[PDB]
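Shown next, in structure tokens, is the structure this report addresses.
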Amino acid sequence: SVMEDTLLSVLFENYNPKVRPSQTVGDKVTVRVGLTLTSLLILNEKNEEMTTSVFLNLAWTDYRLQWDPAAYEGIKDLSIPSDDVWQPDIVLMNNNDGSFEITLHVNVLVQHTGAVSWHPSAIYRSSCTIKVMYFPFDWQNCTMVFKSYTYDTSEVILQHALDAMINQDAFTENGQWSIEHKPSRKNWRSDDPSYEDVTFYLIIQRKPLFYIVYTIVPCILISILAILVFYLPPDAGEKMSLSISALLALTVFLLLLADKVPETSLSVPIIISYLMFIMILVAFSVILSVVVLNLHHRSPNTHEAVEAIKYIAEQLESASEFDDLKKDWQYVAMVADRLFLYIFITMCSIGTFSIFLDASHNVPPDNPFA
Amino acid sequence: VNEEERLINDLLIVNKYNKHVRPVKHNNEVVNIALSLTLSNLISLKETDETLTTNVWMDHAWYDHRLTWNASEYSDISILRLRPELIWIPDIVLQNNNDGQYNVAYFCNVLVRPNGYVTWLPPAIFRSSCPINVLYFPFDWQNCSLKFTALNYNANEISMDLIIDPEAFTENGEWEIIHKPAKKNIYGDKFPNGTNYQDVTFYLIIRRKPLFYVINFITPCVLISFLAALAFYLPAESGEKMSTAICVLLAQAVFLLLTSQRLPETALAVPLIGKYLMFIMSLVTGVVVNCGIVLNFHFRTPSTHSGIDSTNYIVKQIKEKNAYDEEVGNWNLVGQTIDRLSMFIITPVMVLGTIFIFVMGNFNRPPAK
Amino acid sequence: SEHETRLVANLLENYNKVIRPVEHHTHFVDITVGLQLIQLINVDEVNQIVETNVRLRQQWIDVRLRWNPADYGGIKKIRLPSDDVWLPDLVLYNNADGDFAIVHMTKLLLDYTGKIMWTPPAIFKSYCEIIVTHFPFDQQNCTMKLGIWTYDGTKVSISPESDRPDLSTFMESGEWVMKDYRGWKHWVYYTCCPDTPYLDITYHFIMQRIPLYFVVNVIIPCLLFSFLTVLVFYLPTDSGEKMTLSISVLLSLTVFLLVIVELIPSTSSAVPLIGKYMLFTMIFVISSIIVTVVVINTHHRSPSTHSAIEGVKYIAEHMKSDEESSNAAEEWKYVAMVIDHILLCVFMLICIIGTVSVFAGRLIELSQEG
Amino acid sequence: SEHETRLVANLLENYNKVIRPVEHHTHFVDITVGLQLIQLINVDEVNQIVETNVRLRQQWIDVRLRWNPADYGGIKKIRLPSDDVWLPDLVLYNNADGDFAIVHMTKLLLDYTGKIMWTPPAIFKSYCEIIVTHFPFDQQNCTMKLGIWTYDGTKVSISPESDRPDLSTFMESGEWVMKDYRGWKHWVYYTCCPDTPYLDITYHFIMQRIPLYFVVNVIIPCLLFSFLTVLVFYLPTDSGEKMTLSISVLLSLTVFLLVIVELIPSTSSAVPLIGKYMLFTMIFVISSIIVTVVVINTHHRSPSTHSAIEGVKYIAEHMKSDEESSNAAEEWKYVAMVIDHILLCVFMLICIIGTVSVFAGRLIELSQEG
Amino acid sequence: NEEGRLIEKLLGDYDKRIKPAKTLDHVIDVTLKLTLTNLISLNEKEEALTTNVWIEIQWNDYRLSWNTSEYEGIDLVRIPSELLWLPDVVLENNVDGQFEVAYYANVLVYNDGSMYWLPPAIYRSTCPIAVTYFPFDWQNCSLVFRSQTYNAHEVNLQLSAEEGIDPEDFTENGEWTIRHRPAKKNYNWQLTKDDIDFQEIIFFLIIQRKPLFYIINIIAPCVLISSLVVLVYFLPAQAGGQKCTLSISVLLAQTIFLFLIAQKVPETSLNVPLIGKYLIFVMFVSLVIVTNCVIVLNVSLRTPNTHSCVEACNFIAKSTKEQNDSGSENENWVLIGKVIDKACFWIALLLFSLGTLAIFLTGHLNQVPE
């Protein structure tokens, strides 16, 4: 009622559809943007794409909707669709790899002296700077820049929420990973008369400790075989054949490893860091296996009248036994002892080194998250 | 036709009804809305990324006080149809499970009652972000929570009050649906001073576990084990076959490894419990240790691993002497050690093999509970 | 011309599209149908999906469509655009995967009378039964039901006319084959609700599948690996001097089908089947294992075999005679007799569960065929 | 406002949107293109498809947009959305891999005199030659033509403005690398018709490949193999006791070489690279092949080998003599003067071959470097 | 020049939905033709393809020859798509995916009723190429397309180019090739008994393929493999006696390689089409190698075991010498390899024959289509 007809009709008589919520070149309208996040569903760590979901809270004031006795004082708060206005078209500078879902054209909260609240949850396809710098334990940062897409801040100003809001306010629980924090910095690239985007930081932390574990097994286990093939020579020298079997087997193993590395980088690649050295630790148990092989190689041989016949007998056996006695001299086992304690050094040392670097990688390059 | 033409002109819907105005009898409480949830189908379950694609019958009820008719409307036909446009439509929001917008549950055929009440109930192909975690894998396999309702409005603008489950469950789920609680509510929050919007809260408690993994997965376990278990048997029946004893452990080794390979593949599909995974890999370890044992203990040994007269006395000297040697080899035989060896194999395959299914049982006593 | 404008204009003036064409509280809108399926472009296997065309032949009438010399006059039977009409929202209840393709915007058969049809070359994706037990040797009948959606009995009505077969227009290059297809009508009211809900046509597709291409290569490695197992047993009698060799070939043999089965879980998983069928290859394969288990365990079986100048000439031939009966004691283990036994033993055992595998094989198909 | 209503109503009334700025028979519409690829998102070799950032700078002119104090007075030049305008159907001839992204319904800037620009922020799907010859180290120039789709030179004409580098905004996350790119104009008149047709912008992308990580992994096995091969020579001459030992190896390795192959040909299948690139890996790898097969067949080669008490002593001594003969026979069979021969015979072959291998490496390394 | 007044006249009277029809019993004459420009995906197992077709559309409508102001101002014209009667095209034949960007484009009116429009369209379709079309003799792709709309008693299409092609604009990223291209205009009356005749457009496309890359893929392994069993066959007459097992190893080796080939290429003709022909020489040439291969071992398995007190004692000993000799002698007689030598030529010619029989017949399916 109370001058219902009259308010209702004047309003839709002087509002304009096609127009900008600003009166000429000032000031413009100070719109409020602030998104509380819902959860994130997929981090395409490989490609650096981000599919999350949040609420685009927008809110400014409309002095063209000031009400009177019955929709002002009648009911100070009323829900009204959009369509009517200036909506945030926003793209993400890096990201906005793709449209909006549940973001725009959903009803709004219109307060009486014109305050506008619009509270929509949405899914959005983004792609941030994760890079090939999202595996070091030190992890890395990112730019997330939101802003419209033909509008040049000149009839409106954008302003934020919190700053401390964090990013682990709604970090996904399901994560085998983690959150150090999300910054928010408003900026105005001068390159452009257009006032643009806002840069949101990604100091993300990625701790999924599940399979690196049994990845540990192959490095240690594989040392097993190692130690094993270098322990077998002064253990049963006649390791002869067998030994070959050790390394067909030691090699294939490390090669299949080479099978899964690619396959794992499928979803997910970056920084050979891991890779990089276990590659070196690769080549290492490559060339040590083999030269020991060499080791083995080694051996240039190995790898009255009555009394006249007796004679002939005496000579037969003693004659070739010094020849085969030779071969004994030629393969005595001086090497076995000495290189199984080279095998001591080589293994004992190269073992506790990538142990180390991995030791140091987790513990050392972690801190600088601030 | 009783003034029909004319009367659906009289009332107008669009022209007499304010499309743009929510006929809530002006500023009061609300018009009183009720939602009904009936799943029509569940097509896909993801363990991975806690996501379910399911179809729901979006059974909705609210009164349209303007829709109260008279003789050549009400009574002419106590029941009639009117599409979505002639129809204010809420946006019922899958408030914590519409992590994928609603399809073919937007603006479709509605049922027009004879004195405003209206009934709109079609199909919803939807996606949901249900509370998976790595804990929805113990046998319980948790309770899936979901809330439905008209998202925007408050307690002064809306109010929604309120069926199993296996009504139309997917039988070619690898899971099992045990139950199915439904109870509405309304709720004010922290920042708001003022209760509002009401919702359909439906918890789904389920369970799942094929009967197909069991078959090819246990198969290898025993298989495998018995090879580690035979390994050691063969070193008696003949442990001189040195090279070919060797071939077996390469062989047994590589077999064991890929098999576990296709295991974390389904394991990525679906983040696996710590309960089950340990038993498998703590115990194929079991074997690995033995194969490495198998090793040293299999090849650990050094070697086992009267003038006329004057002349043939040289040979009977050579004779005895290396007889010491020759026997230095049988020394090594260690054959009263035999039965021990393989009896000392038996003991620990029994202590492990059991320790497992022993663990199998200390968890197989509570669930049968 | 012949009321040219007076007749078309009047028709659209007193024409409406909010209203459906309902005639009193009655017989519902007499909806006719029946099939014209001529192509099945794609269908899967794994997800039992079917994207076919069928021209939906619909037939019904609207009295308002009756005419005089000013419209029948004109040209008898003219064909209206689709637009004008209240179309039924048809759908595959236990299917519906989407979307009827190419129904909007069409052609509609009118008669001066009213007779009306429109057979629309609808192509769509489907989902119906089959399951694990579709490809059996006793077959399955995918149940497909179709009918209006949201509308019960009390309002609306469709009906079938006719038996026509499946193999009518079955895909000729089918890795596969139909036997028969039936469609009968019905109306399904429930004891739930006292309310007459909708009418529907239910198809049933009866057909057996499987290419043979998979078959020619399943069989192959079977036979061939049975060869090797057959050699696994003959070996030891013709060539026991390769005992270690027969071990190698077990390590060999086994890893090879173990690998065969990798394929399978990839492909099976990928092209679905009642696990009931693998249980064949199961035991038959585990058999070769179970049989080299006992035959080479057996094979290894056996502990052993797996004057005074006149005096020393006697100390020496003695040396030879004592040993000689001793060695007799390891040979005493490997009689070269009971080797012929164990291959006879198991030759027959493998001739018989060979005929076994040919058994369930052919049994199955003596049941297929029927 | 300054003229506020009389402003707005005048301008709608006498303005036809549809209508294209056609000013007597002359200049047609002079409209120029200017693409500035802001950056690129992704590209596919296999399927020469790219998703890129383009800001389309579109210019043209409507003298019917000049103004007085009743349009300019009001607000100078302003922002007018698209819609009202006549929009050319721009189209990448040999690209156009589909529809321009977010093109529709954008804004533009008119003058109270008239100067119009339409410069929307596009990103779209492209299509370009790659050929066999792209993943050259030398590169292929992606030929990409742009211009007016269905309008001639009389009706209208698309012109250029701009040469500009490709590496202006090249994705840094290319695996790849640019040489340069240039774009010149052209007008296409046909011997068909005596008429003057529309005008085109032709792109030429000249870039070459390869982030060097690939490189490495694949070649190292190959040095690895070098040493096996090297053993294959060295093992045998320095002891042919474990000949079957090696046999092993022949198996275990060639299969490794097989597995490498699955890996890179997928990528080969994933990405077509000028085929004559593959012959490299071809004969090289296949050398390893012939090598093996001969070295190890030959390694095999060899027929063979790979009183009156007194007169009892001479019957017996004569027995040790002729079998003295025979001994010497088979050792006479594996000499150690010519295995040295195969050593140097093939090792010079391997530094032939090897240097031959190094041939095409080094060759188009003399052209790459440049 | 009456510019305004002529426009506005006939738009008074203008008719949309009404075809420019003398009368209703003769229909309109329509011209069409297609120039291929893009053959995007050839999925021949599934025989479907995607092509950018230039839809040359032409027809006549003198509802618009013009006067002074329009015919004569401009014989040529450009007025909107949405402004009448437009043909929905589709390949009876193939049209599997409703059209892309091939409507809502700019048509062409003559000032007198000549009408031309071209557009470009990417869509799906489904050609021959079932288990054949891989030969050297090509199976012609026959696609007929026509308006999917009305039937021939108001519509009637024209044609072209039945004779002349193909590789105008053929895909370069075919491993195929076209050699003719026919084009015919036809009447409706099919197998199925359908009247009310809808004209159409038949598109024959006999094309070639098989510019094999994989070929030698295929080629080299299996030459290598034949050779590899020629090593198995001649390497035994060089080999020693420890080569029995030797040989076996290679068996393991031999099929490891074998089925790794058999996994490869089976996969290939699933992913893409199918034809038996080529398929067959492979797996059965493969089989029969297998065949004689193991039979071989069985051949060097065969053969039982080849696989005065003074005087007293000097009496017995000199017995054991020559006695046992007759024993060791056993071994001599027994392993007189008459079988092995000959077994070289056995397989030699046999190997030849298999080689010949195969390549020679693949020489024929090359030499008849030559």
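Numbering starts fresh at 1 for the residues of each chain in the structure tokens, the chains themselves are lettered A, B, ... in the order given, and ligands are numbered from 1 as they appear.
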
**Request:** Please identify every residue of chain A that has at least one atom no more than 8 Å from any atom of chain D, counting only C-alpha atoms, and report them as a count of residues only.
**Result:** 19

**Message:** I need the contact residues of chain A against chain B, so if you could list those with any atom within 9 Å, counting only C-alpha atoms, and return them as a PyMOL selection string, that would help.
**Reply:** chain A and resi 38+41-42+53+74-75+78-81+101-102+106-109+119-120+122-123+173-175+214+221+224-225+228+232+235-236+238-243+245-246+248-250+252-253+306-307+310-311+314

**Request:** Name the residues in contact with residue 352 of chain E at a cut-off of 12 Å, using only C-alpha atoms, excluding same-chain residues fewer than 5 positions from it; report them as number ranges by chain.
**Result:** E: 226-227, 229-230, 289, 345-347, 357-360

Identify, on the basis of only C-alpha atoms, every residue whose closest approach to residue 282 of chain C does not exceed 12 Å; exclude the query and any residue fewer than 3 positions from it along the same chain; express the result as a JSON list (two decimals) with N, CA, C and O atoms, in the first residue's frame.
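Contents of out-v6.json, freshly written:
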```
[["chain", "number", "residue", "atom", "x", "y", "z"],
["B", 215, "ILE", "N", 39.02, -61.45, -5.27],
["B", 215, "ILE", "CA", 39.26, -62.72, -5.98],
["B", 215, "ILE", "C", 40.72, -62.67, -6.56],
["B", 215, "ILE", "O", 41.62, -63.43, -6.12],
["B", 216, "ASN", "N", 41.14, -61.59, -7.24],
["B", 216, "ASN", "CA", 42.44, -61.68, -7.96],
["B", 216, "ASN", "C", 43.51, -61.12, -7.04],
["B", 216, "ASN", "O", 44.69, -61.16, -7.35],
["B", 219, "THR", "N", 44.54, -63.98, -4.39],
["B", 219, "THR", "CA", 45.07, -65.05, -5.24],
["B", 219, "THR", "C", 46.63, -64.91, -5.19],
["B", 219, "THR", "O", 47.25, -65.88, -4.85],
["C", 257, "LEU", "N", 52.14, -65.45, -18.68],
["C", 257, "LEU", "CA", 50.66, -65.35, -18.49],
["C", 257, "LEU", "C", 50.28, -64.43, -17.36],
["C", 257, "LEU", "O", 49.14, -63.98, -17.24],
["C", 258, "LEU", "N", 51.11, -64.26, -16.30],
["C", 258, "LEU", "CA", 50.81, -63.41, -15.22],
["C", 258, "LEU", "C", 50.69, -62.04, -15.92],
["C", 258, "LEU", "O", 49.94, -61.22, -15.51],
["C", 261, "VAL", "N", 47.41, -61.75, -18.06],
["C", 261, "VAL", "CA", 46.35, -61.34, -17.23],
["C", 261, "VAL", "C", 46.52, -59.80, -17.00],
["C", 261, "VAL", "O", 45.77, -59.36, -16.09],
["C", 275, "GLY", "N", 31.97, -62.02, -14.01],
["C", 275, "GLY", "CA", 33.24, -62.67, -13.70],
["C", 275, "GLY", "C", 33.37, -64.19, -13.71],
["C", 275, "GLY", "O", 34.30, -64.85, -14.16],
["C", 276, "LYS", "N", 32.20, -64.78, -13.67],
["C", 276, "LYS", "CA", 31.88, -66.12, -14.03],
["C", 276, "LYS", "C", 32.60, -66.76, -15.22],
["C", 276, "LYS", "O", 32.86, -67.94, -15.26],
["C", 277, "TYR", "N", 33.02, -65.95, -16.14],
["C", 277, "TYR", "CA", 33.72, -66.42, -17.27],
["C", 277, "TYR", "C", 35.26, -66.60, -17.11],
["C", 277, "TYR", "O", 35.85, -67.29, -17.94],
["C", 278, "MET", "N", 35.91, -65.54, -16.48],
["C", 278, "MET", "CA", 37.27, -65.76, -16.06],
["C", 278, "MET", "C", 37.59, -67.00, -15.22],
["C", 278, "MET", "O", 38.76, -67.44, -15.15],
["C", 279, "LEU", "N", 36.69, -67.47, -14.38],
["C", 279, "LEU", "CA", 36.79, -68.63, -13.46],
["C", 279, "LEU", "C", 37.20, -69.93, -14.24],
["C", 279, "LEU", "O", 37.75, -70.93, -13.66],
["C", 285, "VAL", "N", 44.59, -71.95, -15.54],
["C", 285, "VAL", "CA", 45.89, -71.37, -15.50],
["C", 285, "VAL", "C", 46.63, -71.59, -14.25],
["C", 285, "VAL", "O", 47.77, -71.89, -14.31],
["C", 286, "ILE", "N", 45.94, -71.46, -13.10],
["C", 286, "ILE", "CA", 46.48, -71.72, -11.84],
["C", 286, "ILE", "C", 46.92, -73.22, -11.90],
["C", 286, "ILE", "O", 47.75, -73.53, -11.06],
["C", 287, "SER", "N", 46.21, -74.05, -12.57],
["C", 287, "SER", "CA", 46.56, -75.37, -12.85],
["C", 287, "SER", "C", 47.97, -75.36, -13.34],
["C", 287, "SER", "O", 48.70, -76.30, -12.92],
["C", 288, "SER", "N", 48.35, -74.60, -14.35],
["C", 288, "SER", "CA", 49.76, -74.88, -14.80],
["C", 288, "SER", "C", 50.66, -74.54, -13.69],
["C", 288, "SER", "O", 51.76, -75.12, -13.52],
["C", 289, "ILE", "N", 50.24, -73.49, -12.97],
["C", 289, "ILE", "CA", 51.09, -73.27, -11.79],
["C", 289, "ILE", "C", 51.07, -74.42, -10.86],
["C", 289, "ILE", "O", 52.12, -74.83, -10.55],
["C", 290, "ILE", "N", 49.92, -74.76, -10.35],
["C", 290, "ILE", "CA", 49.72, -75.85, -9.36],
["C", 290, "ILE", "C", 50.48, -77.11, -9.91],
["C", 290, "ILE", "O", 50.96, -77.92, -9.18],
["C", 357, "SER", "N", 38.82, -77.75, -20.22],
["C", 357, "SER", "CA", 38.74, -76.36, -20.79],
["C", 357, "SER", "C", 38.02, -76.31, -22.11],
["C", 357, "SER", "O", 37.25, -75.46, -22.46]]
```

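Using only C-alpha atoms, the nearest neighbour of chain B within the list C:352, C:171, C:344, C:247 is C:247.
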
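As for atom CA of residue 304 of chain D and atom CA of residue 236 of chain E, they are spaced 11.2 Å apart.
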
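The neighbours of segment 39-43 of chain E here are the residues that come within 8 Å of it, using only C-alpha atoms and leaving out any residue fewer than 3 positions away in the same chain; they are residues 36, 46, 47, 48, 49, 50, 51, 52, 170, 171, 272 and 273 of chain E.
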
Writer output for current selection, N, CA, C and O atoms, as a CSV table (one decimal), in the first residue's frame:
```csv
chain,number,residue,atom,x,y,z
E,36,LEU,N,35.1,-29.7,-50.3
E,36,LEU,CA,35.6,-30.1,-49.0
E,36,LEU,C,36.8,-29.1,-48.7
E,36,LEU,O,37.3,-28.5,-49.5
E,46,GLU,N,35.3,-47.1,-36.3
E,46,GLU,CA,34.0,-46.5,-35.9
E,46,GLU,C,33.3,-45.8,-37.1
E,46,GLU,O,32.3,-45.1,-36.8
E,47,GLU,N,33.9,-45.9,-38.3
E,47,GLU,CA,33.6,-45.2,-39.5
E,47,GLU,C,32.7,-44.0,-39.3
E,47,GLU,O,31.9,-43.8,-40.2
E,48,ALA,N,33.4,-42.9,-38.9
E,48,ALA,CA,32.8,-41.6,-38.7
E,48,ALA,C,33.9,-40.6,-39.1
E,48,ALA,O,35.1,-40.9,-39.1
E,49,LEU,N,33.5,-39.5,-39.6
E,49,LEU,CA,34.5,-38.4,-39.9
E,49,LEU,C,33.9,-37.0,-39.6
E,49,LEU,O,32.7,-36.9,-39.4
E,50,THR,N,34.9,-36.0,-39.6
E,50,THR,CA,34.4,-34.6,-39.4
E,50,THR,C,35.1,-33.9,-40.5
E,50,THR,O,36.3,-34.0,-40.9
E,51,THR,N,34.3,-33.1,-41.2
E,51,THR,CA,34.8,-32.2,-42.4
E,51,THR,C,34.2,-30.8,-42.4
E,51,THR,O,33.0,-30.7,-42.1
E,52,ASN,N,35.0,-29.9,-42.8
E,52,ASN,CA,34.6,-28.5,-43.1
E,52,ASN,C,34.1,-28.4,-44.5
E,52,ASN,O,34.9,-28.4,-45.4
E,170,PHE,N,42.1,-31.9,-49.1
E,170,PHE,CA,42.5,-33.1,-48.5
E,170,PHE,C,43.4,-32.7,-47.3
E,170,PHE,O,44.4,-32.0,-47.6
E,171,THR,N,43.2,-33.4,-46.2
E,171,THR,CA,44.2,-33.5,-45.2
E,171,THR,C,45.6,-34.0,-45.5
E,171,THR,O,45.7,-35.3,-45.7
E,272,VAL,N,41.8,-47.4,-34.1
E,272,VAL,CA,41.3,-47.1,-35.4
E,272,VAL,C,40.7,-48.3,-35.9
E,272,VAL,O,40.9,-49.4,-35.3
E,273,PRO,N,40.1,-48.2,-37.2
E,273,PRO,CA,39.4,-49.3,-37.9
E,273,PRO,C,39.8,-50.8,-37.7
E,273,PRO,O,41.0,-51.0,-37.5
```

**Message:** Give me, as a PyMOL selection string, all polymer residues having an atom no more than 12 Å from residue 140 of chain C, counting only C-alpha atoms and skipping those fewer than 5 positions away in the same chain.
**Reply:** chain C and resi 128-135+177-181+204-209+274+368

Could you take the residues named above and write them with C-alpha atoms, as a tab-separated table (two decimals), in the first residue's frame?
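Final file, again_14.tsv:
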```tsv
chain	number	residue	atom	x	y	z
C	128	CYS	CA	19.58	-49.77	-20.46
C	129	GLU	CA	20.15	-53.17	-19.02
C	130	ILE	CA	22.58	-55.75	-20.10
C	131	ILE	CA	24.88	-55.78	-17.14
C	132	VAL	CA	27.56	-58.38	-16.30
C	133	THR	CA	25.26	-60.91	-17.63
C	134	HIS	CA	24.46	-59.58	-21.12
C	135	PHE	CA	27.09	-61.44	-23.08
C	177	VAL	CA	23.89	-60.64	-33.21
C	178	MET	CA	20.26	-60.33	-32.33
C	179	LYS	CA	17.76	-63.06	-31.93
C	180	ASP	CA	14.53	-61.18	-31.43
C	181	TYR	CA	12.94	-58.03	-30.15
C	204	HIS	CA	13.31	-55.73	-24.97
C	205	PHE	CA	16.31	-56.41	-26.95
C	206	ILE	CA	17.41	-59.98	-27.17
C	207	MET	CA	20.81	-60.57	-28.59
C	208	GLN	CA	24.02	-62.44	-27.94
C	209	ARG	CA	27.51	-60.69	-28.57
C	274	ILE	CA	30.22	-61.55	-15.75
C	368	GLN	CA	24.70	-70.36	-26.34
```
